[PDB]
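Shown next, in structure tokens, is the structure this report addresses.
All of this is worked out from the model, or read from it or from the source named; no laboratory read-out is quoted. Note that we place each Cβ from the backbone using ideal geometry, even for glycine, and neighbour counts take in every protein chain shown.
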Amino acid sequence: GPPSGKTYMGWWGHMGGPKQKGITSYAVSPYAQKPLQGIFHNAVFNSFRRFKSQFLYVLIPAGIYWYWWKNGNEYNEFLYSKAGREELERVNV
Amino acid sequence: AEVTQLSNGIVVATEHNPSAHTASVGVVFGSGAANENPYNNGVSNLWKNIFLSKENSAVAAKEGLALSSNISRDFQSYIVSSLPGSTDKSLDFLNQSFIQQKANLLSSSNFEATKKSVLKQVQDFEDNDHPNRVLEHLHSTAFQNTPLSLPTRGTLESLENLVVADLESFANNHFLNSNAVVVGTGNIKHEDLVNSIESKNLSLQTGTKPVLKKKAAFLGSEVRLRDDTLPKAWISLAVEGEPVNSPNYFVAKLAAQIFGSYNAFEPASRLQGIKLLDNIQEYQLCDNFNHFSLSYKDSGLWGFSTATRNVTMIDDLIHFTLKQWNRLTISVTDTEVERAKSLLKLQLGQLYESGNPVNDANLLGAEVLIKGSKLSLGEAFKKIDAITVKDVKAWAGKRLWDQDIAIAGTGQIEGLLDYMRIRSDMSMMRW
């Protein structure tokens, strides 16, 4: 194995990060817990929070886009209708 | 000749040695650092350290006495050691300390000089004694929210919150007669002590029992004290072991014996007939390890303990070892078992047959409390040897194979892997 180029990742025991002191972790065996850890009840009060916190950032842009869609759509059905052939002969040439 | 046991209210036990140059007397309270509670922790190690504060230890220093003390989990002891002839010089100094005197050791100048030294004490331990520190937390997480969890020497937290009103709160409940045993070890007779004991009157809080708590329990869990500034990595791991007076008490100590204890430096250690050792040594996966089957009144901890300067390869360390542990269930060599039985005996000896009376005390005091009597070496050996392979293959088969573990550690343990790995190595894939 020749030299390797330095990066920002290493493997365990030299992962690359800064030198941890102070934190203390605790966990419990996946056997040692309720099957269905926390389902329904209060785990769903979040299925509306994970929603709220973001929806606008999608809806607002989806909105802008879906109304713009509907508009010229309507507008096209018109100028290709009877009631529209007028405007057509003008807009189109 | 077979250890004496007689009670006249005060259960008086003794064990004679005709070749002992000295002897020792003392008491053992059948309630230790696991009869305490979350916020009074270290009360039992606080009691030990006033008992050896210069005051009381200068008294017995003109007299020619030396005092010994230790706290365990299930039990708690107070021993005094002197020449065998000054055997009344012991019993009287004991009597003074535990029924006569009360506030002579419990001074506001004493107690604020002991607690201001059991605080420096438990601040070098959790600071620089990582192998026991790791070992101690192992209990804290395996036996979380339950009796055994409380560290014997107590948290620096519940140890600055405790005044003398608390030393007593534990004393007057758990420092009784119906929870104690007086011991005679070394170079004295049974008819020397139990005579000099019925010589003295009085009775402290008679009829009184000490109290009880929710019986201990075990649960697979971790607790990790990463510290990348500490040159090594310390880890201890285990399963729900076996109690004192459990059918497999010896079966389990034999298993521990197999894999045993390593020290990568002592060339003697490098040659032990341990299978696991074949693996670990190739790349020097560690600096040392050792096993165990810690037994307590209600529950136990079979596992092992290791230190290592080898950080990138800890993941194998834990792996080779926990795989070996699988053999105990599926493929242990009979000829391994014999080397176990053999070595157990040698170890179980230097335990029980050391030429030091103070040890033969706690040993006696604790055992004659829990089962009533002591068990003789010939009794132990007669059991150790009965043990087949099938003994070890059914004990691992319930206790070891695919059961929840209990890891703890500190130092460079980023490399120490996760819980669904480690735990998973309790088994092996089968057709």
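For every residue, the table says whether it meets (1) assigned by CATH to the domain that holds B:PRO231; (2) touching a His at 6+ places or on another chain (Cβ under 8 Å); (3) polar (S, T, N, Q); (4) within 21 Å of B:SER31 (Cβ to Cβ).
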site	(1), (2), (3), (4)
B:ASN49	no, no, yes, yes
B:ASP74	no, no, no, yes
B:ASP92	no, no, no, no
B:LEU105	no, no, no, yes
B:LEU119	no, no, no, no
B:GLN123	no, no, yes, no
B:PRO131	no, no, no, no
B:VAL134	no, no, no, no
B:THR146	no, no, yes, yes
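Looking only at segment B:69-100, which residues are in a loop (DSSP other than H, G, I, E, B), out of contact with any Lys or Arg (no Cβ under 7 Å at 6 or more places or on another chain) and touching a residue at least 40 places away in the same chain (Cβ under 8 Å)?
The answer is B:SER72, B:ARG73, B:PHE75, B:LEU83, B:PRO84, B:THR87.
Exactly one of these conditions fails for B:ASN195: (1) within 14 Å of chain A (Cβ to nearest Cβ); (2) without any contact (Cβ under 8 Å) to a residue 24 or more places away in the chain. Give me its number.
(1)
Looking at segment B:237-271 only, could you name the residues that are part of a helix (DSSP H, G or I), of a type in the set (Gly, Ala, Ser) and touching a strand residue (DSSP E or B) at 6+ places or on another chain (Cβ under 8 Å)?
Selection gives B:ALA252, B:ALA255, B:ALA256, B:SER269.
Step by step: first the residues of segment B:309-321, then only those that are within 14 Å of another protein chain (Cβ to nearest Cβ) and over 30 Å from B:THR146 (Cβ atoms), then the one that is nearest to the chain's Cα centre (by Cα). Which residue is that?
Checked segment B:309-321; the qualifying residue nearest to the chain's Cα centre (by Cα) is B:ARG309.
Restricting attention to segment B:308-316, does a residue exist that is in contact with a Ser or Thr (Cβ under 7 Å, 6 or more places away or on another chain), of a type in the set (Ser, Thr, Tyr) and outside the structural domain of B:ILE71 (by CATH)?
no
Could you please find all residues in segment B:237-268 being in contact (Cβ under 8 Å) with a residue 24 or more places away in the chain and either within 14 Å of chain A (Cβ to nearest Cβ) or within 19 Å of B:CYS286 (Cβ to Cβ) (or both)?
B:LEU237, B:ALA238, B:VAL239, B:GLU240, B:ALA256, B:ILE258, B:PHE259, B:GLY260, B:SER261, B:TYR262, B:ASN263, B:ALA264
Here's the yes/no breakdown for (1) more than 21 Å from the chain's Cα centre (by Cα); (2) aromatic (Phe, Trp, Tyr); (3) away from chain A (no Cβ under 14 Å):
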position: B:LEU369; (1), (2), (3): no, no, yes
position: B:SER373; (1), (2), (3): no, no, yes
position: B:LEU377; (1), (2), (3): no, no, yes
position: B:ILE387; (1), (2), (3): yes, no, yes
position: B:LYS393; (1), (2), (3): yes, no, yes
position: B:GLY397; (1), (2), (3): yes, no, yes
position: B:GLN403; (1), (2), (3): yes, no, no
position: B:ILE413; (1), (2), (3): yes, no, no
position: B:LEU417; (1), (2), (3): yes, no, no
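Tally the residues that are among the aliphatic types (A, V, I, L, M) and part of a strand (DSSP E or B), restricting the search to segment B:272-299.
Adding up the residues that qualify gives 1.
Can you tell me which of B:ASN41, B:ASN45, B:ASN56 is in contact with a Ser or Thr (Cβ under 7 Å, 6 or more places away or on another chain) and in a loop (DSSP other than H, G, I, E, B)?
Of B:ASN41, B:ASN45, B:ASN56, the one residue that is in contact with a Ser or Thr (Cβ under 7 Å, 6 or more places away or on another chain) and in a loop (DSSP other than H, G, I, E, B) is B:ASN41.
So if I check each of A:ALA32, A:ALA27, which one is surrounded by 10 or more Cβ atoms within 10 Å (Cβ to Cβ) and outside any loop (DSSP other than H, G, I, E, B)?
Only one candidate passes the filter, namely A:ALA27.
What number of residues within segment B:217-236 are within 11 Å of chain A (Cβ to nearest Cβ) and not in a loop (DSSP other than H, G, I, E, B)?
Residues that pass the stated criteria total 7.
Out of B:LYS297, B:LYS232, B:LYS275, report the one residue that is over 20 Å from A:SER25 (Cα atoms), of a type in the set (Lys, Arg), under 26 Å from the mean Cα position of the chain (by Cα) and not assigned by CATH to the domain that holds B:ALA142.
B:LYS297
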